[PDB]
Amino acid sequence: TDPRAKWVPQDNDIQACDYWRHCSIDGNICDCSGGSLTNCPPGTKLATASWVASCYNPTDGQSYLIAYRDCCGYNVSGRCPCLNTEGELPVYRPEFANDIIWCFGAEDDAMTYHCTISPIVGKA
């Protein structure tokens, strides 16, 4: 990969940084530490806050809103690190900003970043 090239989504492997729903992920893919595409790993705490991007699905040619959520309360998993910033805005438009640790609302006031899940919330 040329890191500066336009990002090219695929819909065939959720563990790769170019998977279509990961267009604005910053951190680690939860599926690689024992969670799944939309569930957290045992022992971690699911935040209630989220961040949104509009991610193009090459399977059906449609763009979907992905409201990312963090799994919190463990040190960073270190497996399947990815940083994509499709449509990602600076911190003064936080609903689109991905450097913030979005662990708000997690049980037991968990605030450390482990990994991020990628559920769809609507069509753009």
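Residue numbers here begin at 1 and follow the sequence given.
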note = Once average C-alpha B-factors are taken from the entry for 68-76 and 55-63, the winner is 55-63
request  = Could you say whether, by C-alpha temperature factor, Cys82 belongs to the lowest, middle or highest third of its chain?
outcome  = middle
request  = Rank-wise, by C-alpha B-factor, drop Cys40 into the lowest, middle or highest third of its chain.
outcome  = middle
ask   = Which third of the chain holds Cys32 when residues are ordered by C-alpha B factor: lowest, middle or highest?
value = highest
ask   = Which third of the chain does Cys115 land in by C-alpha B-factor: lowest, middle or highest?
value = lowest
ask   = Where does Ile101 sit by CA temperature factor within its chain: lowest, middle or highest third?
value = lowest
